[PDB]
Every structure is written in C-alpha cells, then in structure tokens.
Amino acid sequence: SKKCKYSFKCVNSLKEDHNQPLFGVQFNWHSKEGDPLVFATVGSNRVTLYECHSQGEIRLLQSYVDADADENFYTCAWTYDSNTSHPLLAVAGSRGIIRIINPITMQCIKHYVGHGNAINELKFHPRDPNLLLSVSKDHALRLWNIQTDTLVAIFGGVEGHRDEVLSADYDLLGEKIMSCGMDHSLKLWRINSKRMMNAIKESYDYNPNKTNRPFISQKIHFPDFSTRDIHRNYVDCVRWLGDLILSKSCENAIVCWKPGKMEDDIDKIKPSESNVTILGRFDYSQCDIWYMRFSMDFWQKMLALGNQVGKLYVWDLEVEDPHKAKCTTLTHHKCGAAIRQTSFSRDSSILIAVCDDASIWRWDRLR
Amino acid sequence: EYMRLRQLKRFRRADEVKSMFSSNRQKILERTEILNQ
Amino acid sequence: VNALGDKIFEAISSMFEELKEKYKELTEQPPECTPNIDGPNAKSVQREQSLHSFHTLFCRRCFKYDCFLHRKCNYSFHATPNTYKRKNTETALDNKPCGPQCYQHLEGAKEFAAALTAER
Amino acid sequence: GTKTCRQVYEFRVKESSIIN
Amino acid sequence: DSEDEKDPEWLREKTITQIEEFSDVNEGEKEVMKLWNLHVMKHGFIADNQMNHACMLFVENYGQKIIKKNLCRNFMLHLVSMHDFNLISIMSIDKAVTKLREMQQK
Ligand SMILES: [Zn+2]
C-alpha cells in the first residue's frame, strides 16, 4: 500500500512550431557533472535541442531540419566523439537515413544509408560509443561503427525477424542485445561471442584505401535466443533490467520476464531454449496505440512510460517485488496528447515526456 | 491437499521471484557502479 | 496425490480429471539404440540397424545428408533403406592369400564359406 | 583394425548357425 | 567478388544445426554427417561419377579432422552406406581408407 517513492511536479511545458507529432526524446547522459542538462527532441522533419535550467527554464539551444526530403524523424540517440569529446546526436526515421549531428559545429557529421525502410530505434553500445544499433522496418537490426563508417553486423536473416524490428536494448554491461519486433518475437542477439569481438576489431581496423575488397559485415542469421509466447501481440519496446527483460505490447501492460526457467542463467542459455518464465507485469491503462517506448533512469532505480490519454506512470524498481505497488501517475489538465516517449536525466531528477501534439513536458522530482 | 499444494507452489514462486529480483538488483548495482566509474 | 496418505481409487475418491486424472496418474507411475561405434561404448547390432541412420538421413539425388531440396516425412516404409542398389553381387575370388593368416591359407575354409553362402 | 584374416574367417564361421 | 557463391554461411550453419538437432543419431555419426554435408556444399557435387572422386576429396580435406575426432569407423560406415546407395565402389572404398590410414601414419 506504499505510495511509491518519487513525486514529480510539472514545472514547464513547451510546444514545437511544426505542430506535427514528436516521437523521441533523449537526455545527454554523457554530459559531465554540473554541465547543463541538454536533451534532444525528434519530430516531423525537425530535430530540436534544448537545455534545462532551474524553475523549468527550458532554453531552445539549437534546431535542425531536413526540408530537402520528406524525412519524419522517429528516434534520437546521444553519443560523443571520444577524439574530441564533442557530444553527438544520432537521428533516423521514415527515410531510413542515419544522421550523426554534431551540435558543437551544428552540422551533420556523418550519414549512413543501408536500411531498406524506416528506422524505429537507435541505441548506442554502453561500453563503445562508436557502435550504433539501428532497428528498422526492413526486418533487420544493423550495427554501425560510426568511428570508421562501417557496417559491423546485420542481425537479420533466416532465423531473424519476420516483421519490423520496433525497438532494441543493450545489456547493462553491453553484452547481449534484445530486439522487440512487430512479428511478436523478442530475439536475443549476443554481442558476447568471439565472432562479435572479431567483427568489432576488424571494423575498427578497416581502412577503405588499404584494400579494394569491402568490409565483410557479419550476417548473424541465428539469434542466441528467441520467443513468441510472451506477448499475444507485437512488442513495441524492450529494455534490459540487468539480467531480466522488460517488454511492452498492446495488452496495456509491461511484463518482466526472463529467458529459460527460473533457475536458468542468462549467459548459460542454449539457443534452442524454448522455455520462458515471466516474473511480473506492470499494469497501466489506455496505452493501446503502438510505438510508445518507455524509459528507465541510468541507475535503473525507476522506469516511466507514457500514455495515449496523457497520463504518465513511473514505477519504483528498488521496492521488493516491483510487480506490486501502485506507481506514481503524473497528470496535467493541459496534457491531453499521447506521450510518444519519455527520458530521465543522468541523475533521475528531471523526467521529460514528449507528447503527440509536439508539446514537450518537463517534470522535476519533489524529493 | 490440492489447496495446500497450490499454496506451497505459490509461496515457493513468490520466494523465487523475490530472490531473483534481489540478485538482479545486486548485478544492476555492480554494473551501474562500474559504468558510472 | 502423493501427499495424501494405490494411485487410482484413493486419488479418484479424494479429487472428485477426477477419475480420468486418477487413471492418468496410475498409468504414468541414443534413442536410436546405435551408439557411436568409434566410441568405446558400442554394442553389436545387425547391419540393418547399424546403418539405418545413414540410410534414412541420406538423399541419393543431392548426395547430402538430410538435404533441404528434397524432404521426406517418413511416410514410406523407411524409404527402402538403401533399397537393393547393391545388385552387382558378382565378385571373383583370387589367389595370393592375405599372408601368414588367411581363409584361403586354411584348408577347406573356402568350401565351407561357399556352402554357408549357398543356403539359399 | 587388427582382426587377422584367419580370425575373420573364424568369426564368420562362428556367426553361422546359432540364429499446363 | 561477385559476392554470390555456392554455400552461404547461413546455409552451412543451418545444416550443422539441423544435423545436430536430431535425436536418433550418434555423436560421431552426426559429426561425420555434418562434415560430409559441409564438404558437399563447399564443392557442390551434382554428378554421380564425381561422387566417387568426392570421397577422395573428403580425405584430402577432412582426413586430419576425422583422425583427430577419431571417427574413422563412422567414416568407413558412411562409405559403406554410400556404396549401398550406388556411386563409389569397393576400389573407391579401399583407396579412401588407405589414404585415411596414410594420414594417420603421416
Ligand atoms: Zn537432396
């Protein structure tokens, strides 16, 4: 009966001019301590940057647009060029075009085109900032080495997805990749294999001028695990809760499950493991419309998911049996749109929800 | 009988999920600590 | 059923599934039988059982074991393992025996072998 | 392997009898 | 680099997985079956007569692997089964076995 642990209040509410629905938001978790909390937003043909200040003073630091085509950005992902420590924002969607924007120079540093449909999610390898994972609608998930502009591996094939790969997530240590698709399946590709080390090292040590042969991208046709009995529908977003798995479907709930039986170690799981045991389901209301990813803070203390009506749920994961408890529902009479995505700052003090009415919302923890 | 067996199974499942959650939380603590470092 | 209180009457009486569950519980309480002959654990079986795996899982059309192009659901009677393609049973016995020990070296072994083969 | 030719003949003899 | 060759890596992995996914098969027999399938896919034999030479090529490429795996008896069992399926011959079996023995002596 505990009323959760975190209480939030709405301190600001922005609105993009383009008025088209904005889909993704990503705080720059690579900013140093004391650096102003910069977060990015993607929606329609425009990607906008903002800087969070005291009392909700959100400053529109930068803004970009791709008006030469009909690009509709779907997701954003933050990284940094380790050579110069410049923060880098990776954006994609609709066109399947990956743009690595450099907010320092306000220029699109790199462009990547190998995907055959809209890219629905971009994530970066937690250990390696140059490894960008793109889950697209072409039934494939690719791994790019943006440091050398190479395709490290393609994670689709004979045993890959049979529909759009809606979202994907890295392990906390960045070793196993979980991908949720529109084919109701959640295949667990493993970047821990010696093949993955070989591919990553070769991509890092690949010079196009040295050899005429192209880079031999690895084709991981067979996932190290796969299941279809978790969700009766497609899986929008997936997230690694340490060694557990969090996934969400059209069933108005996010279930926490684990590959194998209850005593089956994730690392020591055979690819043919046909058993999956679920642990608990976080039950919310009115989230039937698809493609509303959730997010958890860096410490994974808590996670938050948006809603189609306008509510915002956040659950505390420190509480014993997190499937229990009643969460904290953040509401506002002026928030009637559908929250496409949420994001937490590196310190989980600012929770920002981007709605489907191009209206950004900022929430701060009362503490 | 059947009720006792069901209660025992439910209790065992509850302790199992609690222990799994605690172990996953410890792993999360270690991994987040090294990531922050 | 195990906790209570041999596996049908008492179980059906207590539970009432019910009678069907009790009957099922009462009933309840390599697979090829061809161990690898290269490995130490290896028994002795006839050639129809020591080669059944090779015969069943080979495609004569593509010369590959369990080929993808041609699929058989084992509907036929073991797909006629190797059929009778060894029709060329004609062979010639030659002189110059194996060496110090040979059937041809031993007197009468050849005739005994011929008589045994001539059982018909 | 091993199984001299005389031994092979003896084995064959032993295997005889017994059983649009 | 026409980038389209006879045996794609995914096909080889699928063949290995399918062979190892059988229940009624010995371990060494599965190993020799997988080796033969990989050899056939790598060389793409389509002719019965070539199959004869194929067997020799096997001991020219997988002889050391079979000797190390110590599945020579399973290999000769496979040769006998192939002879039963027609193609190859008694002379072919003898030549292949002798070449395999020469590999061990080497
Ligand atoms: Zn075939």
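No lab work stands behind these numbers, since they all come straight from the coordinates. Because the Cβ atoms are built from the backbone with ideal geometry, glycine has one as well, and the counts that use them run over all protein chains shown.
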Selection of trypsin sites (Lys or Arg not before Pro), segment E:30-73, meeting DSSP coil and at most 14 other Cβ within 10 Å:
none
For segment A:6-367: relative contact order, % (alpha-carbon pairs under 8 angstrom, 6 or more apart)
15 percent
Quick one: if the Förster radius is 25 Å, what FRET efficiency do A:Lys326 and B:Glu30 give, using the C-beta to C-beta distance and rounding to 0.05?
0.30
Could you work out the helix-only [θ] at 222 nm for chain A, with each DSSP H run of four or more residues adding -39,500 (n - 2.57) and the total divided by the number of residues, to the nearest 500 deg cm²/dmol?
-1000 deg cm²/dmol
Would you please classify the overall shape of segment A:54-150 from the alpha carbon gyration tensor, given that a ≥ b ≥ c denote the square roots of the eigenvalues, rounded means a/c under 1.5, and beyond that prolate means a/b larger than b/c while oblate covers the rest?
oblate
Cβ charges +1 (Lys, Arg) and -1 (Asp, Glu), total dipole of chain A, debye:
340 debye
Among A:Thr227, A:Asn275, A:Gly157, which residue has its Cα furthest toward the positive end of the charge dipole of segment A:6-367, with +1 on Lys/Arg Cβ and -1 on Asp/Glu Cβ?
A:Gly157
In a GNM of chain A with a 10 Å cut-off on Cα contacts, which of A:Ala325, A:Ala304, A:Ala118 has the highest mean-square fluctuation?
A:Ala325
DSSP loop (so not H, G, I, E, B), at most 16 other Cβ within 10 Å: list which GluC sites (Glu not before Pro) in segment A:37-97 pass both filters.
A:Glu57
If you put +1 on each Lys and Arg Cβ and -1 on each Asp and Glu Cβ, how big is the dipole of chain E around its Cα centre, in Debye rounded to 20?
620 debye
Of A:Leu244, A:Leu173, A:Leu303, which is the most mobile in a GNM of chain A whose springs link Cα atoms less than 10 angstrom apart?
A:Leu173
Taking amide H atoms as placed 1.01 Å from N in the peptide plane, list the residues 5 or more away in sequence, or in a different chain, whose amide H sits under 5 Å from that of A:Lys219.
A:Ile154
The ³J(HN,Hα) series, computed from each phi in segment C:66-82 with the Karplus coefficients 6.51, -1.76 and 1.60 at θ = phi - 60°, rounded to the nearest Hz and given as x for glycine or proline, is 6, 5, 7, 5, 10, 10, 10, 8, 6, 5, 6, 6, 6, 6, 6, x, 6
Rounded to a whole number, the mean other protein chain Cβ count within 10 angstrom for residues of D:3-9 is 6
Which one, E:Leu77, E:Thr98, E:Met51, is farthest towards the positive end of the dipole of segment E:7-101 when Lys and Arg carry +1 and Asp and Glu -1 on their Cβ?
E:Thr98
Answer in debye to the nearest 20: the dipole magnitude of the protein assembly as shown about its Cα centre, from +1 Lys/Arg and -1 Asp/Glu charges placed on Cβ, is 760 debye
Looking at C:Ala3, A:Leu132, A:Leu173, which one has the Cα that reaches farthest to the positive end of the dipole of the protein assembly as shown (charges on Cβ: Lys, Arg +1; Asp, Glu -1)?
C:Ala3
Could you tell me which GluC sites (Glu not before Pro) in chain B are loop residues by DSSP with no more than 15 other beta carbons within 10 angstrom of their beta carbon?
B:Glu1
DSSP bridge orientation in segment A:120-272 - percent antiparallel, rounded to nearest 5:
95 percent
If I model a spin label as a point 7 Å beyond the Cα along the Cα-Cβ vector, how far apart are those points for A:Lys110 and A:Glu33 in nm?
3.0 nm
Expressed in nm², what is the orientationally averaged projection area of the convex hull enclosing the Cα positions of the protein assembly as shown?
44.6 nm²
Over all residues in E:16-26, what is the mean tally of Cβ atoms on other chains that come within 10 Å of each residue's Cβ?
5
Under 18 Å from a label point 7 Å along Cα→Cβ of D:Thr2: give me every residue in segment C:22-48 with its amide N that close.
C:37-44
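Go ahead and run the numbers for FRET between C:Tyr84 and E:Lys99, Cβ-Cβ distance against an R0 of 30 Å, rounding to 0.05.
Working: r = 29 Å, r/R0 = 0.98.
For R0 = 30 Å, the calculated efficiency reads 0.55.
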Between C:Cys102 and C:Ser76, the FRET efficiency computed from the C-beta separation at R0 = 41 Å comes out, to the nearest 0.05, as 0.45
Based only on Cα atoms, what Rg/Rh ratio does segment E:7-101 have, Rh being taken as Kirkwood's radius?
0.95
Pair A:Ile216, A:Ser54: separation of 7 Å Cα→Cβ label points (nm):
6.0 nm
Here the convex hull volume per residue of segment A:6-367, taken over Cα atoms and given in Å³, is 134 Å³
